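# Commentary on secondary and tertiary structure
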Amino acid sequence: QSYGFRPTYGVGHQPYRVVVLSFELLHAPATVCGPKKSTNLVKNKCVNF
Amino acid sequence: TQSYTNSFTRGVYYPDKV
């Protein structure tokens, strides 16, 4: 059965929503990443990566 | 139509992408 909202309702009775962003951070091929710009692949030297 | 056989050492796959 269906609910029903109305503007005149008070706090709590107002409508709310929910979102669940499931993630997976194990060592696997990446499909989504942040806006971190990619630098150059310096090789053969002690560097942080 | 039906029959029964054995899988000696079959049914193996990499658990994770590592």
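An account of the accompanying structure is given in this report.

## Some thoughts on the overall build of chain A
When you go through chain A residue by residue, the secondary structure sums to 0 helices and 0 strands. Principal-axis analysis of the C-alpha atoms places the extent of chain A at approximately 65 × 20 × 15 Å. Taking all 49 residues of chain A together, the buried fraction comes to 0%. Accessible surface, chain A: about 6,100 Å² in total, of which carbon and sulfur atoms supply 59%.

## Topic: the layout of surface pockets
All names here are of chain A. Here the largest pocket defines a volume of roughly 320 Å³. What lines the largest pocket is simply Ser22, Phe23, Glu24, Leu25, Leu26, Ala28, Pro29, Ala30, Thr31, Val32 and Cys33. Across the lining of the largest pocket, the residue classes break down as 8 nonpolar, 2 polar and 1 charged. Lining the second largest pocket are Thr39, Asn40, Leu41, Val42, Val47, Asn48 and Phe49. In terms of residue class, the lining of the second largest pocket is made up of 4 nonpolar, 3 polar and no charged.

## Thoughts on a nonpolar patch on the surface
Taken together, the side chains of A:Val19, A:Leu21, A:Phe23 and A:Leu25 present a nonpolar region at the surface, about 560 Å² in accessible area. Under the relative-accessibility criterion, A:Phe23 is labelled exposed at 63%.

Thresholds, definitions, all that
- Residues numbered from 1 in each chain as written, not as in the entry; some residues may be left out.
- Chains lettered and ligands numbered in written order.
- Part of a larger assembly, values for the part shown.
- Heavy atoms only, no water.
- Helix = DSSP H or I, 4+ residues; strand = E, 2+ residues; numbered from the N terminus.
- Buried < 20%, exposed > 50% of the residue type's maximum accessible area, 1.4 Å probe, protein only.
- Areas by Shrake-Rupley, 256 points an atom, 1.4 Å probe, with all protein chains shown as cover.
- 1 Å grid on protein atoms, 1.4 Å probe; cavity = no way out; pocket = protein on both sides within 12 Å on 5 of 7 lines; lining within 4 Å.
- Points joined across faces, edges and corners; volume = space filled by probe spheres on them.
- Nonpolar A, V, L, I, M, F, W, Y, C, P; charged D, E, K, R; others polar.
- Patch = residues over 30% accessible without salt bridge, like charges linked within 9 Å, V, L, I, M, F, W, Y side chains within 5 Å.
- Salt bridge = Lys/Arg side-chain N within 4 Å of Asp/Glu carboxyl O.

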